[PDB]
Amino acid sequence: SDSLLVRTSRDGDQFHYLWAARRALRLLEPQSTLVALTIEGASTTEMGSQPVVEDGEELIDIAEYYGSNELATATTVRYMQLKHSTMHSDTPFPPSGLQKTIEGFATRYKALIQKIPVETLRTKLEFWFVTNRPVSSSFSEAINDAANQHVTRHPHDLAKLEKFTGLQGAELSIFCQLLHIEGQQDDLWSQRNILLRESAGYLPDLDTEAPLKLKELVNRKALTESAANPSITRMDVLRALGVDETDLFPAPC
Amino acid sequence: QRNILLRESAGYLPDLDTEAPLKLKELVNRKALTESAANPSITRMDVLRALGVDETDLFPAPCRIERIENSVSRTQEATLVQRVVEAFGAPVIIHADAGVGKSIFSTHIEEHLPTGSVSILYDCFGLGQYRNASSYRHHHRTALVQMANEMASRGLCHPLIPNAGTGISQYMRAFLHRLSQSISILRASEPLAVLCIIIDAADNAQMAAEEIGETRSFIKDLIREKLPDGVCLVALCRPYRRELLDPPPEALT
Amino acid sequence: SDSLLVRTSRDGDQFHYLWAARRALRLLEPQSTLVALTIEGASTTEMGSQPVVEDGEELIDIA
Amino acid sequence: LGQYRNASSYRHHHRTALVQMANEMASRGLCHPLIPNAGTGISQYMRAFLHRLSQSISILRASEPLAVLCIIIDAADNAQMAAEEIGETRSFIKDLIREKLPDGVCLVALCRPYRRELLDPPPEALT
Amino acid sequence: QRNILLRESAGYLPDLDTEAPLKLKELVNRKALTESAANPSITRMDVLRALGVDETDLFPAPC
Ligand SMILES: Nc1ncnc2c1ncn2[C@@H]1O[C@H](COP(=O)(O)OP(=O)(O)OP(=O)(O)O)[C@@H](O)[C@H]1O
Ligand SMILES: [Mg+2]
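What the deposited record gives as its method is cryo-EM, and the resolution it gives is 3.4 Å.

Here you go:
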């Protein structure tokens, strides 16, 4: 049927919002260095006052910034891309799938390398691929051996990786040093309740409205009305739960 | 659209609420995934379990007064009922001691009203189960909900469905608001219809309240409240327990 | 930009769900004749036990 | 073990005792599990408990027609002493002893002779 | 009667208590047709995570 292919489009957004909402909790840690999440777009303050780099921007599902909301002085920055295939959860992906993501990652990499030198960016920058399904092991081995400068056992997968990246030698190696693969995630039916279990640790009791409210916050960052500012900060999470800083320190010494 | 839903949903509840517009939207959204493709329907039970109540919460205390077939000719009652309607603007209390026929008369009174009239009958005694924790009958949040949904079932006004944490003044205002709608409906089709409220066994409720440590059963507040024009209120008790429900000086005995 | 045309796709679903949720309240009326809402597809019991008509089905937002 | 007067270890509220007994029958396969909710009143707990008594005895007597279900409350007076020591008046047993149970279940309590009137039996009770 | 439990429309506590009967059936059905995983068995930890509770929520006061 046709309606099946329309319904299967919504489950991907549900997976995306739940998985981002589980990440958003880390802003509450009092002795941790994370500072910002941006949903469907990089930070508008990424180059400070200077205009933003638009290359490879549309693969950005989630971006995470540590230390500063600005690539020139942040300690670490992550850009992440997600995939939720519904009906084939046990079946490994081929490299012809990861091609379409690797292309855009290299496109963003080139424009970032032009403005800031490699010896800085190689300490900061990561690209992640996150998916429900397992991923081809030999392709990962080729990625590893490229990143470590060893003769791989699978030259066809390395040739495919070269075709996808358009790079060879150590310039390929550096790029493969920034590429992270994370398969075999818990599916939607599990993700829907893991969030409840993790959110129950900050509260004094079990709760059943907080997993709704964090998801609603993440969803309302993904509309057109919030396009001027896609950021999430600690104050946003606290006013989503409905408290302010005085409730955490009601009676000072 | 995001706030019109709040305004329309606030009419069925006794107070303003800010979680119901989320929950109905979540219900509709979860009907639009693949997991519910076997059944895309929405029914009344789905909406009620989305709000978190069931049919027992709309009818928490049904009537139980025994009707009888034999009825000896007994001349006073036809005068005593017109004595009520011709002495409007004040609460009326009937009293007589044990086994004289108050509860039977409460079933007969309805036949003598002017045409077009409607009467609501409430039972505070049950069958001696009113003193048990699973069968209390004396709170506002039971009797007022009972009477509101009995009028709504007959087609006079909107339903009133309970919400946790709601105080006594909100239930009083929600009840008094719907009395006016019902009396407008009655006095459209006929000029002289009345709406009559009968509280049988009014003295048991205050005994049950005082036994568990409370002091204000619902009839102890309702008797001094002022009802809209065209509404009658009658209470029946034994003669020596009459001071528990403490009538105002303007009352009729 | 391209991302504008992706973001504008979500607002339509938000409008759809809010507008359907306003319709769903009418099921609570004690003296009204409405019996069912079906979201993105007609009722599977539309022809009783007989198989369902599939023509023109995908324009059905709400039934 | 003498902990029942410390704030983190109370045992005399409905939402502790009835949840314990319901899940102890449910773990054995006789009824659905009962899990608590914040903001629920005591009458809802009473009705939800009686429902699962009705489930359990119907499971049992379909295989042995003269079987019974026994519910035992040890140290019944201590629950009322702990309640009155902090300003309440109705521990769970003081309500449960006057409630009407389904057929095929029996209810037994144990106490010291000089403390018996704390839990105030009705005239039908057997001693 | 000796073997099958069924939901009535009444008696259950609101919210999380209502859907445990459905989620046990869902867990069993999910496990039977996810034989491609490392193992299809059910153990206590998966039951507790299916219900959403912790053991101390079921047993707040042991004997
Ligand atoms: N009109 C009647 N015709 C026949 N029998 C009647 C009539 N009214 C009362 N009785 C008899 O009197 C009995 C007592 O009636 P009823 O229960 O109404 O009394 P009551 O005054 O409400 O009692 P109580 O004060 O004890 O609550 C009835 O059960 C019935 O046997
Ligand atoms: Mg009587």
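(A) Focus on the interface of chain C and chain A. On the side of chain A, 14 residues touch chain C, which itself brings nine residues to the contact. Area buried by chain C at its contact with chain A is led by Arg7, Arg10 and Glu40 of chain C, which between them contribute 56% of it. Where chain C meets chain A, there are four salt bridges. Ionic pairing is found between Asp13 of chain C and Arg10 of chain A, a salt bridge with its closest N-O pair at 3.9 Å. For the pair chain C and chain A, the number of links is 10 residue pairs in polar contact. Classifying every residue of the side of chain C that touches chain A gives two nonpolar, two polar and five charged.

(B) Broad picture of the interface of chain C and chain B. Taken together, the contact between chain C and chain B spans 20 residues of the former and 24 residues of the latter. Regarding the contact of chain C and chain B, the summed buried area is about 2,300 Å², with carbon and sulfur atoms giving 71% of it. Where chain C packs against chain B, one counts five residue pairs in polar contact. Among the secondary structure elements, those contributing two or more residues to the side of chain C that touches chain B are α1 (3-24) and β1 (37-38) of chain C.

(C) Representation of a nonpolar patch on the surface. Taken together, the side chains of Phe15, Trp19 and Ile62 of chain C make up a nonpolar region of the molecular surface, amounting to roughly 280 Å² of accessible area. With respect to the helices and strands, the residue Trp19 of chain C is situated in helix α1.

(D) View of the packing of aromatic side chains. Tallied over the full model, the rule gives seven aromatic pairs over all chains. Relative to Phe175 of chain A, the ring of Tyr109 of chain A has its centre 5.5 Å away and its plane inclined at 80 degrees; by these criteria the two rings are edge-to-face. Residue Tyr109 of chain A is found in helix α2 (residues 95-115), and its partner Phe175 of chain A is found in helix α6 (residues 170-176); the two are separated by 66 residues along the sequence. Among the residues examined, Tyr109 of chain A registers a relative accessible area of 10% and is labelled buried. The class of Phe175 of chain A is buried, set by a relative accessible area of 1%. One aromatic cluster is present, built from ring pairs that chain together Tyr79, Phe105, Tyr109, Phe127 and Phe175 of chain A. Positioned above the aromatic ring of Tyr12 of chain E is the side chain of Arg7 of chain E, whose terminal nitrogen or guanidinium carbon lies 5.0 Å from the ring centre.

Procedures and definitions
Counting of residues restarts from 1 for each chain and follows the sequence as written, so the numbers need not equal those of the entry; residues with no coordinates are not shown. Chains and ligands are labelled sequentially in the order written, the chains with letters from A and the ligands with numbers from 1. Only some chains of a larger assembly appear here, and every value describes just that portion. Excluding hydrogens and water, the side-chain figures rest on all heavy atoms present in the structure. Contact criterion: two residues are considered in contact whenever any of their non-hydrogen atoms come within 4.5 Å of each other. Take the accessible area each of two parts loses on contact, using a 1.4 Å probe, and add the two losses: that sum is the buried area. Salt bridges are counted wherever a side-chain nitrogen of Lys or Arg sits within 4 Å of a carboxyl oxygen of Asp or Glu. Under the rule applied, a polar contact is a pair of N or O atoms within 3.5 Å (in protein, one hydrogen donor and one hydrogen acceptor; residues adjacent in sequence only if both atoms are side-chain atoms). Any residue that is not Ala, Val, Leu, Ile, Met, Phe, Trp, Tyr, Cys, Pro, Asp, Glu, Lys or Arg is counted as polar, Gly included; the first ten are nonpolar and the last four charged. Helix and strand labels come from DSSP, where a helix needs a run of H or I of at least four residues and a strand needs a run of E of at least two; each type is numbered from the N terminus. Patch criteria: residues need more than 30% relative accessible area and no salt bridge. Like-charged residues are merged within 9 Å; nonpolar side chains of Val, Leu, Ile, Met, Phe, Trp and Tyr are merged within 5 Å. Reported accessibility uses the Shrake-Rupley method at a 1.4 Å probe radius. Residues are deemed covered only where the shown protein chains occlude them. Under the pairing criterion, centres of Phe, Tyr and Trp rings, with the six-membered ring standing for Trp, must be within 6.5 Å; the plane angle then separates stacked pairs below 30 degrees from edge-to-face pairs above 60, leaving the rest tilted. Accessible area is worked out with a 1.4 Å probe on protein chains only. A residue is then buried under 20% of its type maximum, exposed over 50%, and partly exposed in between. Placement of a charge over a ring requires the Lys NZ or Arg CZ to be within 6 Å of the ring centre, with the centre-to-atom vector within 35 degrees of the ring normal.

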